[PDB]
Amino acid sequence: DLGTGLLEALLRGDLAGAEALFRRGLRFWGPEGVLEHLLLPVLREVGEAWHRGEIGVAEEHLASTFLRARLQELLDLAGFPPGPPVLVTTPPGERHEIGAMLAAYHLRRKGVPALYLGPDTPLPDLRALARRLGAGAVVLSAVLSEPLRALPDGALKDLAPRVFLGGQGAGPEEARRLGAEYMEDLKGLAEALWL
């Protein structure tokens, strides 16, 4: 797999060769393909390696900053459609960005105007922006479960006309308790908007 190659280039600080390997993968598998076969497998392997204590925090930072940059390029290539926006973010306390960015990307690939805000947005401020921009939906990505548990019952229900929760840190019951529609796969998300 180009996965091991990509990781090894990043770990030796070869950002030029890492970029070249990613670009080859994008040319070979296309935009959706490269995410499934390269970006996510590498991100998972970086996390695992760190958990095993095989790499330190600096190396993980390097890799994650790089993958985030590639995903941002893909986001930018999808363009930004006009229309009532969908705000994409993470719950308060959640700092991980890639799951939200992936969600924004899948929406944008299907012509949905997904505004990625960045992570960790307070719920009242998110509700206020959704209202001001006449947003049709809010989408939330949770990697950790703790930030969801800290939230009062029904706290996600009124953020916008539709509210979607996904990510490892989320499950059907916590979604029900919080008042959000739970969603496992990213492909289905655009269809779930009924447009």
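Note that residue numbering begins at 1 and tracks the sequence as displayed. Just so we're on the same page, rigid core means the largest C-alpha set that superposes within 1.5 Å between forms.
Asks: Between 122-130 and 58-66, where do the CA atoms move more in 6 other deposited structures of this protein, taking the root mean square over the structures and residues after a core fit?
Replies: After superposing on the rigid core, the more displaced stretch in 6 other deposited structures of this protein is 58-66.
Asks: Is the larger C-alpha RMS shift in 6 other deposited structures of this protein, relative to this form with the rigid core superposed, found in 84-92 or in 71-79?
Replies: It is 71-79 that deviates more in 6 other deposited structures of this protein.
Asks: Read off the CA B-factors in the entry, average them over 128-136 and over 52-60, and name the higher stretch.
Replies: Higher mean C-alpha B-factor in the PDB entry: 52-60.
Asks: Mind pulling up the entry and telling me whether 99-107 or 75-83 has the higher mean Cα temperature factor?
Replies: Comparing 99-107 with 75-83, the higher average CA B-factor belongs to 75-83.
Asks: Lowest, middle or highest third: where is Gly30 by Cα B-factor in its chain?
Replies: Answer is highest: the recorded C-alpha B-factor places it there.
Asks: Comparing against every modelled residue in the chain, figure out the third that the C-alpha B-factor of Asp185 lands in (lowest, middle or highest).
Replies: Answer is highest: the recorded C-alpha B-factor places it there.
Asks: Would you please rank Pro161 by its C-alpha temperature factor against the other modelled residues of its chain and give the third it falls in: lowest, middle or highest?
Replies: It falls in the middle third of the chain.
Asks: Could you place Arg149 in the lowest, middle or highest third of its chain by Cα temperature factor, using the values in the record?
Replies: Its C-alpha B-factor, which the entry lists for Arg149, ranks in the lowest third among residues of this chain.
Asks: C-alpha B factor of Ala155, ranked within the chain: lowest, middle or highest third?
Replies: Answer is lowest: the recorded C-alpha B-factor places it there.
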